[PDB]
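Undergrad: First, the structure itself, so that you have it in front of you.
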Amino acid sequence: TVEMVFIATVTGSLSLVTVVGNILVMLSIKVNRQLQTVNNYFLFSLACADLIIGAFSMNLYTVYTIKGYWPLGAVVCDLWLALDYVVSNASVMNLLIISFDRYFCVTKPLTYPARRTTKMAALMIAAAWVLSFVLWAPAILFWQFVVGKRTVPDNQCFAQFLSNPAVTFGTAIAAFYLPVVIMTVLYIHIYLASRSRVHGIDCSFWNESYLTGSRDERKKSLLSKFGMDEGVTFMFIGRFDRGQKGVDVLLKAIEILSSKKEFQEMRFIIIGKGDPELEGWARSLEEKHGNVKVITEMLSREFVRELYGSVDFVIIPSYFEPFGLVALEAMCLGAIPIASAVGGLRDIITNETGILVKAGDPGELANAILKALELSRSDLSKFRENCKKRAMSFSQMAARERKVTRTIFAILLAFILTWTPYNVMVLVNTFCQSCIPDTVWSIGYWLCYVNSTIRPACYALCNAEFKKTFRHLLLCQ
């Protein structure tokens with residue numbers, strides 16, 4: 001009986017992993033202020049239920065397997081059945097709410113995320129747990145009372161309703177099959193809507209690491225490359241059109257400034273091609289003024305990254321701009337945006353992270369360039385740091401939302417792969433009894449328990465913030 005010690009330790013350590021893993025999930029949500037969102041309220045109840053499974057359900061099932069029979073009597077049996085049947089079904093319901101939540105998040109992105117509340121989450125979690133208890137506890141505990149006899153043998157522990165095969169499959173449909181089909185079709189739709197998505201900036205590319213030396217050094221190097229003196233550098237990048245990028249505003253704005261006493265302190269780099277009439281205008285001002293430089297071509301992002309991390313300001317005179325990645329790209333390299341108050345730009349830029357102007361007004365853009373000239377002092381370094389922080393936090397917002405949706409899919413996938421063997425065994429049992437050996441049935445039962453152990457692992461793998469704080473919690477010892 002040396003094998004008895006082996007199975008008890010393998011499963012005993014598996015019970016320990018589930019208890020450790022879910023306590024760390026629970027503790028991190030409550031301790032870490034960054035993990036206190038509406039989604040993690042539902043992930044907390046999953047860890048609550050999985051802690052119960054790992055601590056109670058697993059240890060009791062270790063007894064059943066090691067002994068070969070149920071030795072703790074009818075009282076402990078009914079309390080083990082009700083506990084297991086409520087907690088497991090609450091987790092199924094929580095997973096169902098979490099999926100519809102992700103579905104609406106993606107299908108109604110301008111209506112539903114505002115309607116999302118922390119109080120609504122708690123009301124939904126309670127509703128799931130209460131509904132599960134009202135649905136399983138009476139069926140588990142009172143079936144023997146209603147019938148008037150306990151049909152369960154003294155050596156076994158199972159729900160009395162399971163004896164009726166019509167109730168067994170009728171419950172597998174309502175508690176597994178139907179909830180899985182719903183969560184499958186909800187996710188097909190999520191994928192379809194996510195396929196047409198517009199991703200933000202590639203933060204692995206747009207960053208200061210690539211640049212060498214000091215900004216003052218790079219700016220002096222860049223200005224001498226275009227054969228120009230040291231001054232306040234203003235840069236434009238984009239298609240030379242009459243419709244949305246608006247080089248004609250900046251071109252008209254330089255003309256207003258060329259009559260001023262501040263013009264000699266300014267430096268202009270105009271990059272892009274398109275309209276030949278607008279290209280010739282840019283080329284005209286380049287000839288008239290030594291502080292104006294024009295590059296009539298669309299340059300690759302690798303050099304634009306160097307330019308953003310060298311120039312003082314970036315002028316975005318967009319007539320129409322829905323997303324404004326150009327602002328975020330420039331802000332990440334320390335460039336201060338002087339942009340039109342349109343679409344995405346209106347959202348990205350604040351009073352502390354750049355100058356906003358009225359679109360299609362060369363007079364207001366000229367005044368803004370003049371305001372930027374007065375800002376030229378030690379105050380630029382602290383302004384640049386605000387532009388970095390804002391663009392990085394803003395880009396982190398779009399990355400974390402898809403990350404949450406990716407985690408819930410991984411938890412649904414984990415759930416499907418672990419409970420399908422047992423549910424398909426139940427399906428085989430309907431027509432073929434003694435088709436499945438007792439050893440194969442036990443593998444099916446244990447896989448349902450393993451789902452509780454692999455859910456914390458899903459949070460560490462699909463979320464970087466969870467993986468880091470897990471190590472921080474074990475640090476305390």
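How things are named: the first chain in the structure tokens is A, the next is B, and so on; residues count from 1 in each chain; ligands count from 1 in the order shown.
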As a ChimeraX atom specification, please: every residue in region 304-430 of chain A that a backbone DSSP assignment puts in strand (DSSP E).
TA: /A:313-316,336-340,355-357
Undergrad: Find the nearest atom pair between each residue of region 312-374 of chain A and region 180-198 of chain A for residues within 12 Å, count only C-alpha atoms, give distances in Å to one decimal, sort rows by chain and ascending number, and present the table as CSV.
TA:
```
residue,atom,partner,partner_atom,distance
A:322,CA,A:198,CA,10.9
A:323,CA,A:198,CA,8.9
A:324,CA,A:198,CA,11.5
A:325,CA,A:198,CA,10.5
```
Undergrad: Quote the spacing between CA of residue 69 (chain A) and CA of residue 152 (chain A) in Å to one decimal place.
TA: 12.6 Å
Undergrad: Which polymer residues have any atom within 7 Å of an atom of region 286-291 of chain A, counting only C-alpha atoms, with same-chain residues fewer than 5 positions away left out, as a ChimeraX atom specification?
TA: /A:228,266-268
Undergrad: Report, in Å with one decimal, the straight-line distance from CA of residue 175 (chain A) to CA of residue 446 (chain A).
TA: 18.3 Å
Undergrad: Would you mind listing what lies within 12 Å of residue 33 (chain A) as a list in words, with only C-alpha atoms counted and same-chain residues fewer than 6 positions away left out?
TA: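 Near neighbours after the sequence-gap exclusion: residues 27, 40, 465, 466 and 469 of chain A.
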Undergrad: Write out as an MDAnalysis selection string the set of residues from region 98-173 of chain A that DSSP, computed on the backbone, places in alpha helix (DSSP H).
TA: chainID A and resid 98:107 112:115 118:141 143:147 165:172
Undergrad: With only C-alpha atoms as the counted atoms, please give the residues lying no more than 12 Å from residue 472 (chain A), apart from itself and same-chain residues fewer than 3 positions off, as a PyMOL selection string.
TA: chain A and resi 24-25+27-28+31-32+465-469+475-477
Undergrad: Keeping N, CA and C atoms for every residue in the selection just given, could you write it to a file as a compact mmCIF listing (two decimals), in the first residue's frame?
TA:
```
# COMPACT_ATOMS: atom_id res chain seq x y z
N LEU A 24 -3.65 34.14 -3.09
CA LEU A 24 -2.81 35.16 -3.73
C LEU A 24 -3.61 36.01 -4.72
N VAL A 25 -4.59 35.40 -5.43
CA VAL A 25 -5.47 36.11 -6.37
C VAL A 25 -6.34 37.07 -5.56
N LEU A 27 -5.97 38.17 -2.29
CA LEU A 27 -5.14 39.16 -1.59
C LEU A 27 -4.63 40.27 -2.50
N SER A 28 -4.18 39.92 -3.73
CA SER A 28 -3.69 40.90 -4.72
C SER A 28 -4.78 41.88 -5.16
N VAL A 31 -5.27 44.18 -2.06
CA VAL A 31 -4.07 44.97 -1.74
C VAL A 31 -3.70 45.94 -2.88
N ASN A 32 -3.48 45.42 -4.11
CA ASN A 32 -3.09 46.21 -5.28
C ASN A 32 -4.24 47.10 -5.77
N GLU A 465 0.39 42.56 -14.54
CA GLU A 465 0.20 43.18 -13.22
C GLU A 465 -0.05 42.14 -12.12
N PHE A 466 -0.72 41.01 -12.46
CA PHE A 466 -1.00 39.91 -11.54
C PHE A 466 0.26 39.09 -11.26
N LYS A 467 1.05 38.77 -12.32
CA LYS A 467 2.28 37.98 -12.25
C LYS A 467 3.32 38.62 -11.32
N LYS A 468 3.46 39.96 -11.39
CA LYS A 468 4.39 40.75 -10.59
C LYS A 468 4.00 40.80 -9.11
N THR A 469 2.72 41.11 -8.82
CA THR A 469 2.19 41.21 -7.45
C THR A 469 2.10 39.83 -6.75
N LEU A 475 6.88 37.25 -1.15
CA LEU A 475 8.01 37.98 -0.57
C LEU A 475 7.85 38.12 0.95
N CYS A 476 6.61 38.42 1.41
CA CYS A 476 6.24 38.60 2.82
C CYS A 476 6.49 37.36 3.69
N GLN A 477 6.35 36.15 3.09
CA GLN A 477 6.53 34.82 3.70
C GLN A 477 5.60 34.56 4.90
```
Undergrad: Considering only C-alpha atoms, can you say which of A:203, A:424, A:49, A:404 comes closest to residue 331 (chain A)?
TA: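 Of A:203, A:424, A:49, A:404, the one nearest residue 331 (chain A), counting only C-alpha atoms, is A:203.
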Undergrad: May I have the residues within 8 Å of region 274-284 of chain A as a ChimeraX atom specification, using only C-alpha atoms and disregarding those fewer than 6 positions away in the same chain?
TA: /A:239-242,247-248,251,294,296
Undergrad: Only N, CA, C and O atoms, please: the residues just picked out, written as an mmCIF file, in the first residue's frame.
TA:
```cif
data_model
loop_
_atom_site.group_PDB
_atom_site.id
_atom_site.type_symbol
_atom_site.label_atom_id
_atom_site.label_comp_id
_atom_site.auth_asym_id
_atom_site.auth_seq_id
_atom_site.Cartn_x
_atom_site.Cartn_y
_atom_site.Cartn_z
ATOM 1 N N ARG A 239 0.878 64.135 -45.098
ATOM 2 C CA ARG A 239 0.466 64.346 -46.488
ATOM 3 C C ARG A 239 0.101 65.801 -46.758
ATOM 4 O O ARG A 239 -0.636 66.405 -45.980
ATOM 5 N N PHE A 240 0.616 66.357 -47.861
ATOM 6 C CA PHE A 240 0.325 67.731 -48.260
ATOM 7 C C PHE A 240 -0.999 67.744 -49.022
ATOM 8 O O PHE A 240 -1.016 67.588 -50.245
ATOM 9 N N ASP A 241 -2.115 67.870 -48.275
ATOM 10 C CA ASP A 241 -3.478 67.882 -48.813
ATOM 11 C C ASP A 241 -4.253 69.147 -48.424
ATOM 12 O O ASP A 241 -3.797 69.926 -47.581
ATOM 13 N N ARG A 242 -5.432 69.330 -49.037
ATOM 14 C CA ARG A 242 -6.331 70.463 -48.803
ATOM 15 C C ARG A 242 -7.545 69.997 -47.989
ATOM 16 O O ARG A 242 -8.449 70.790 -47.709
ATOM 17 N N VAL A 247 -1.592 71.249 -44.309
ATOM 18 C CA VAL A 247 -0.293 71.932 -44.378
ATOM 19 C C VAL A 247 -0.516 73.417 -44.735
ATOM 20 O O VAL A 247 0.259 74.272 -44.304
ATOM 21 N N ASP A 248 -1.617 73.710 -45.472
ATOM 22 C CA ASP A 248 -2.007 75.057 -45.900
ATOM 23 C C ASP A 248 -2.251 76.014 -44.731
ATOM 24 O O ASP A 248 -1.992 77.205 -44.892
ATOM 25 N N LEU A 251 1.356 76.694 -43.481
ATOM 26 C CA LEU A 251 1.995 77.503 -44.532
ATOM 27 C C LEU A 251 1.565 78.975 -44.451
ATOM 28 O O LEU A 251 2.409 79.868 -44.588
ATOM 29 N N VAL A 294 12.137 72.418 -45.999
ATOM 30 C CA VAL A 294 11.091 71.578 -46.583
ATOM 31 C C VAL A 294 11.680 70.300 -47.187
ATOM 32 O O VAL A 294 12.624 70.372 -47.977
ATOM 33 N N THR A 296 10.126 67.394 -49.309
ATOM 34 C CA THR A 296 8.966 66.973 -50.101
ATOM 35 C C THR A 296 8.974 65.458 -50.412
ATOM 36 O O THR A 296 9.151 65.044 -51.564
#
```
Undergrad: May I have the residues within 10 Å of residue 411 (chain A) as a ChimeraX atom specification, using only C-alpha atoms and disregarding those fewer than 4 positions away in the same chain?
TA: /A:95,406-407,415-416,451,454-459,462
Undergrad: So that I have them on file, write out the residues from the current selection with N, CA, C and O atoms, as a PDB file, in the first residue's frame.
TA:
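Once written, again-v5.pdb looks like this:
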```pdb
ATOM      1  N   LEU A  95     -19.010  33.298 -14.901  1.00  0.00           N
ATOM      2  CA  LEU A  95     -18.380  33.231 -16.222  1.00  0.00           C
ATOM      3  C   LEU A  95     -19.332  33.686 -17.332  1.00  0.00           C
ATOM      4  O   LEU A  95     -18.891  34.284 -18.313  1.00  0.00           O
ATOM      5  N   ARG A 406      -8.995  38.919 -23.390  1.00  0.00           N
ATOM      6  CA  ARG A 406      -8.101  37.798 -23.684  1.00  0.00           C
ATOM      7  C   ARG A 406      -8.017  36.825 -22.500  1.00  0.00           C
ATOM      8  O   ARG A 406      -7.954  35.614 -22.721  1.00  0.00           O
ATOM      9  N   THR A 407      -8.037  37.355 -21.249  1.00  0.00           N
ATOM     10  CA  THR A 407      -7.980  36.569 -20.006  1.00  0.00           C
ATOM     11  C   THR A 407      -9.250  35.731 -19.833  1.00  0.00           C
ATOM     12  O   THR A 407      -9.142  34.532 -19.592  1.00  0.00           O
ATOM     13  N   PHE A 415     -12.020  26.176 -18.735  1.00  0.00           N
ATOM     14  CA  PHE A 415     -13.287  25.611 -18.276  1.00  0.00           C
ATOM     15  C   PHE A 415     -13.830  24.535 -19.235  1.00  0.00           C
ATOM     16  O   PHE A 415     -14.217  23.461 -18.764  1.00  0.00           O
ATOM     17  N   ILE A 416     -13.838  24.813 -20.564  1.00  0.00           N
ATOM     18  CA  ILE A 416     -14.313  23.864 -21.580  1.00  0.00           C
ATOM     19  C   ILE A 416     -13.467  22.581 -21.585  1.00  0.00           C
ATOM     20  O   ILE A 416     -14.026  21.494 -21.469  1.00  0.00           O
ATOM     21  N   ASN A 451      -9.476  22.571 -12.828  1.00  0.00           N
ATOM     22  CA  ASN A 451      -9.942  23.858 -13.365  1.00  0.00           C
ATOM     23  C   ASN A 451      -9.769  24.982 -12.338  1.00  0.00           C
ATOM     24  O   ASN A 451      -9.415  26.104 -12.711  1.00  0.00           O
ATOM     25  N   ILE A 454      -5.883  25.865 -12.196  1.00  0.00           N
ATOM     26  CA  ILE A 454      -5.340  26.523 -13.393  1.00  0.00           C
ATOM     27  C   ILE A 454      -5.927  27.928 -13.645  1.00  0.00           C
ATOM     28  O   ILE A 454      -5.363  28.659 -14.459  1.00  0.00           O
ATOM     29  N   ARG A 455      -7.021  28.318 -12.953  1.00  0.00           N
ATOM     30  CA  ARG A 455      -7.580  29.671 -13.089  1.00  0.00           C
ATOM     31  C   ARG A 455      -6.603  30.746 -12.562  1.00  0.00           C
ATOM     32  O   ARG A 455      -6.370  31.703 -13.303  1.00  0.00           O
ATOM     33  N   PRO A 456      -5.939  30.593 -11.373  1.00  0.00           N
ATOM     34  CA  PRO A 456      -4.944  31.601 -10.949  1.00  0.00           C
ATOM     35  C   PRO A 456      -3.788  31.746 -11.945  1.00  0.00           C
ATOM     36  O   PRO A 456      -3.329  32.866 -12.190  1.00  0.00           O
ATOM     37  N   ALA A 457      -3.360  30.609 -12.552  1.00  0.00           N
ATOM     38  CA  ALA A 457      -2.304  30.531 -13.567  1.00  0.00           C
ATOM     39  C   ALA A 457      -2.676  31.334 -14.822  1.00  0.00           C
ATOM     40  O   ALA A 457      -1.788  31.880 -15.480  1.00  0.00           O
ATOM     41  N   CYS A 458      -3.990  31.426 -15.132  1.00  0.00           N
ATOM     42  CA  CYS A 458      -4.512  32.202 -16.259  1.00  0.00           C
ATOM     43  C   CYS A 458      -4.329  33.709 -16.020  1.00  0.00           C
ATOM     44  O   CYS A 458      -4.069  34.446 -16.972  1.00  0.00           O
ATOM     45  N   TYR A 459      -4.461  34.157 -14.754  1.00  0.00           N
ATOM     46  CA  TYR A 459      -4.305  35.566 -14.380  1.00  0.00           C
ATOM     47  C   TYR A 459      -2.850  36.011 -14.455  1.00  0.00           C
ATOM     48  O   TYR A 459      -2.590  37.144 -14.846  1.00  0.00           O
ATOM     49  N   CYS A 462      -2.007  35.773 -18.619  1.00  0.00           N
ATOM     50  CA  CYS A 462      -2.720  36.759 -19.435  1.00  0.00           C
ATOM     51  C   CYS A 462      -2.645  38.199 -18.895  1.00  0.00           C
ATOM     52  O   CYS A 462      -3.036  39.125 -19.611  1.00  0.00           O
TER      53      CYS A 462
END
```
Undergrad: Report the distance between CA of residue 96 (chain A) and CA of residue 412 (chain A) in Å, rounded to one decimal place.
TA: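 So the answer is 9.4 Å.
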Undergrad: Which one of A:81, A:76, A:387, A:380 sits closest to residue 133 (chain A) if you count only C-alpha atoms?
TA: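 For residue 133 (chain A), the nearest of the candidates is A:81.
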Undergrad: Per residue of region 3-121 of chain A within 9 Å of region 158-164 of chain A, what are the shortest atom pair and its distance in Å to one decimal, counting only C-alpha atoms, with rows by chain and residue number, as JSON lines?
TA:
```
{"residue": "A:77", "atom": "CA", "partner": "A:158", "partner_atom": "CA", "distance": 7.7}
{"residue": "A:78", "atom": "CA", "partner": "A:159", "partner_atom": "CA", "distance": 7.8}
{"residue": "A:81", "atom": "CA", "partner": "A:159", "partner_atom": "CA", "distance": 6.6}
{"residue": "A:82", "atom": "CA", "partner": "A:159", "partner_atom": "CA", "distance": 8.6}
```
